[PDB]
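Residue numbers (the entry's author numbering), protein chains in the order written: chain M, 146 to 217; chain U, 4 to 141, 151 to 176, 188 to 215, 223 to 235, 259 to 308; chain V, 23 to 306.
This report concerns only the one structure given below.
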Amino acid sequence: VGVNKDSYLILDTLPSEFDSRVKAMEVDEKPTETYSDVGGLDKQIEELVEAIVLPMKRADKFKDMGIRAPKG
Amino acid sequence: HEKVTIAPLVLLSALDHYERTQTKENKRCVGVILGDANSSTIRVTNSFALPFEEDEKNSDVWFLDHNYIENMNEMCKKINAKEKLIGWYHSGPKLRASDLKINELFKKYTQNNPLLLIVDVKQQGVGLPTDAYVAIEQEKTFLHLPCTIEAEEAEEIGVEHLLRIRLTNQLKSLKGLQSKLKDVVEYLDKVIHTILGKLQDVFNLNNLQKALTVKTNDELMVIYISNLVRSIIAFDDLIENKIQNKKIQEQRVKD
Amino acid sequence: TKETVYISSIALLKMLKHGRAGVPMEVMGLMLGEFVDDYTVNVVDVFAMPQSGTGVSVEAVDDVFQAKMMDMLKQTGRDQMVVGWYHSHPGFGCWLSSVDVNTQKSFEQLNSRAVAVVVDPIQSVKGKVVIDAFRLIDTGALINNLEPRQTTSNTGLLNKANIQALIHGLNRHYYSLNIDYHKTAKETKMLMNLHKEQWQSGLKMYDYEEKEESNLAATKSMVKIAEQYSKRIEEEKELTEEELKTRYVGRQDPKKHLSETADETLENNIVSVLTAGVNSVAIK
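Structure representation (structure tokens):
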């Protein structure tokens, strides 16, 4: 937010350049992994498919029921 | 009604503009006042003179240039954004067809009612060389408004560097009574009722005053009580000097 | 030689008011007048200048705005040659202008009589009204025209001169600050009728009448209690030393209540005697 150095008066906003973005944040678009790489978690993997993956596919099926799908 | 507060810088700069143009008695000067008219007290924070030409023998002869107004108003926008045109002033004691017709000309550039000001360049009589006048219709009727002189903190202090009780009020109060004696005489010869209606109304404002005689002596009673305290002021000076006198007699002894 | 600036009552109030907005904020203006070198110097009228992105600087002068003003200032006959500029800065011990340094060198090429004025107090004035100007001497003060022949010059004794941070060289090249104010015949009668100490006029018949006798609603009201106030003020200090010696370690204690209750009583008597002294002629 552009302001005066002396009078400290707001003049005009500035575009985003340095946001203090907290670098070293991992950003990866559609990584490559399969659930078969790490075994034995199928008990927890099923819980990850039921509460996350399946409601993530189509939200219109759960919307017609009036309920809200879990976000995490 | 409303109130008008004019800074001393506006009236000081308005008189010199009359000298800068070398205007004689056959012509008068007209100018514009700037300030904030939105509040109930009209204040003039800026002014500038205009090249106004007029014939004294003909009331139908006047010259007012509106082109200098549009340019000056745009130049003040880069100086102070809070200053707008609240009206226009003028010089000379007389109000004639020249000043009355131009009152609507400044109204185009002035949102509120333009404030009329009669500026006395010679400063003739009492105080207030400039009086505050507002335009209102029932024929043009100009009503007087209270005119007070007030400046900023540093403005009043800055003027003091440039220039660096009981009898005063009595002499000023007697001049007001003498002005009223000539007020009824000059008005009587003009008729031969509107002003006299307001005068006879405030004249009446010892059946009920029988008990009001004591209140005069009640204040005089406190005056002597105050003089008792006023005497104590010098009673300590009566003691204060003997504080020295005891030390004064101890001087020759040491010498 | 140097130049002695003579600012009248009209120019001093206008140049000051333009720079009274904000402590940190800086503005600028233009001075105009007609005079000659060799001492004398006058200022007719001034007006403020617009502020650019650089604030106060040499590029902040707008030749388009300045040319339009000189045409608008011609109507009243106040249009004259450019005699200098005046700026506004918070002020420091040396170089009161935080930006302008060599900008006067470009001003001296346009006009050798141009100066740069800076107002130190910025609504801090205690009544002294101390303003600072600047003039570029460049190479000088050795075997040349002698400036310090006029008034209050050849300063710099020890470390104390003016603000005391300038000493000898002042801002740059010892510009030999000289400032004086004057009042004409019109400025004398106008100011005394407007502002001298405090302006009570226009109320002149009610001046002390309305401020006191008509203000009695609550001003001096309950004078019997007002006299009781003077009793407690006197009884407090008079109780201190009744032996005329050193006991409570005091000196002016008997004189403290003396001057305070004296002016109050003087005002109590004058207002009371003038209550019926105005003689409004009530009759019946």
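Virtual Cβ for every residue (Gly too), placed ideally from N, Cα, C.
Extent of the continuous beta strand (DSSP E) run through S110(V): 104 to 110
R305(U) by DSSP, collapsed to three states: which one? helix
Can you find the residues in the same chain that come closer than 8 Å, C-beta to C-beta, to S30(V), ignoring five residues on each side of it along the sequence? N64, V65, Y203, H204, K205, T206, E209
Under 7 Å, do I139(U) and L157(U) count as touching if we go by C-beta distance? Contact flag unset, no.
Any contact between the region 70 to 79 of chain U and the region 88 to 95 of chain V? By contact I mean 3 or more CB pairs, one from each, below 8 Å. yes
Any beta-carbon of chain V closer than 7 Å to the one on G38(U)? no
Selection of the region 150 to 169 of chain M by Cβ proximity to chain V, strictly under 7 Å: Legend: CB atoms of the region 150 to 169 of chain M lying less than 7 Å from CB atoms of chain V belong to residues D151, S152.
Strictly below 7 Å CB to CB, what residues from chain V border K195(U)? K226, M227, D229
Is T269(U) close to chain V, meaning its C-beta is less than 7 Å from at least one C-beta of that chain? The beta carbon of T269(U) falls within 7 Å of a beta carbon belonging to chain V, placing the residue at that interface.
Quick check: what's the CA-CA separation for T297(V) versus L280(V)? 26 Å
Go ahead and label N192(U) buried or exposed: buried means 16 or more other beta carbons lie within 10 angstroms of its beta carbon, across all protein chains shown. Residue burial is scored here from C-beta neighbours: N192(U) has at least 16 other C-beta atoms within 10 angstroms and is therefore classed as buried.
Ordered along the chain, which non-local residues of its own chain (more than five positions away) have a Cβ less than 8 Å from that of residue 336(V)? Lying before the first or after the last residue shown, residue 336(V) is absent from chain V, which here runs from 23 to 306.
Return the CA-CA distance between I296(U) and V245(V), expressed in angstroms with no decimal places. 33 Å
Tell me whether the region 282 to 300 of chain U and the region 95 to 112 of chain V touch, counting them as touching only if at least three CB pairs, one residue from each stretch, are closer than 8 Å. no
When the cut-off is 7 Å and only beta carbons count, does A70(V) lie next to chain U? yes
Just mark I155(M) as buried or exposed, buried being the case when its beta carbon has 16 or more other beta carbons within 10 Å. exposed
Whole-number beta carbon distance between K87(U) and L37(U), since they are thought to touch under 8 Å: 7 Å
Cβ contact check for the region 50 to 59 of chain V and the region 151 to 169 of chain V: 3 or more pairs under 8 Å: no
In angstroms with no decimal places, state the Cα-to-Cα distance between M170(M) and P160(M). 22 Å
For the region 58 to 86 of chain U, which residues have a beta carbon sitting closer than 7 Å to at least one beta carbon of chain V? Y71, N74, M75, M78, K81, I82
How far does the beta strand (DSSP E) with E140(U) in it reach, from first residue to last? Counting along the chain, the unbroken beta strand (DSSP E) around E140(U) starts and ends at 133 to 140.
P276(V) touches chain U at which residues, Cβ-Cβ below 8 Å? Correct list: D289, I292, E293.
Cutting at 8 Å between CB atoms, please list the residues of its own chain near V49(V), excluding the five before and the five after it. Same-chain partners within the cutoff: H40, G41, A43, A70, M71, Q73, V78, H109, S110.
DSSP state of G38(U), grouped into three classes? Reduced to three states, the DSSP call for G38(U) is strand.
Residue range of the unbroken beta strand (DSSP E) whose run includes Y180(M): Neither: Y180(M) is in no beta strand (DSSP E) and is coded neither H nor E.
Between the region 198 to 206 of chain M and the region 126 to 137 of chain U, are three or more C-beta pairs nearer than 8 Å? Contact fails between the region 198 to 206 of chain M and the region 126 to 137 of chain U, because fewer than three Cβ pairs, one in each stretch, are under 8 Å apart.
Closer than 8 Å at the beta carbon, the chain V residues around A163(U): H217
In the DSSP assignment, find the unbroken alpha helix (DSSP H) run with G130(U) in it and report its ends. Unbroken run through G130(U): none, as it is neither H nor E.
With a cut-off of 8 Å on the beta carbons, I'd call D289(U) and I32(V) a contact; round off their distance for me. With 8 Å as the limit, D289(U) and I32(V) do not qualify as a contact, their Cβ atoms being about 51 Å apart.
Give me the Cα-Cα distance between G99(V) and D67(V), rounded to the nearest whole angstrom. Inter-residue distance for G99(V) and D67(V) is about 10 Å (C-alpha atoms, whole angstroms).
Check for me: the alpha helix (DSSP H) holding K39(V) runs from which residue to which? 31 to 40
Within 7 Å (strictly less), CB to CB, does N234(U) reach chain V? no
If the criterion is Cβ atoms closer than 7 Å, does the pair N115(U) and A40(U) meet it? yes
Measure from the C-beta of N124(V) to each C-beta in chain U and report whether the shortest distance is under 7 Å. Cβ-Cβ to chain U under 7 Å: no for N124(V).
Buried or exposed for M214(V), please, with buried defined as at least 16 other CB atoms from any protein chain shown within 10 angstroms of its CB. exposed
Residues sharing a beta bridge with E56(U), DSSP: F66(U)
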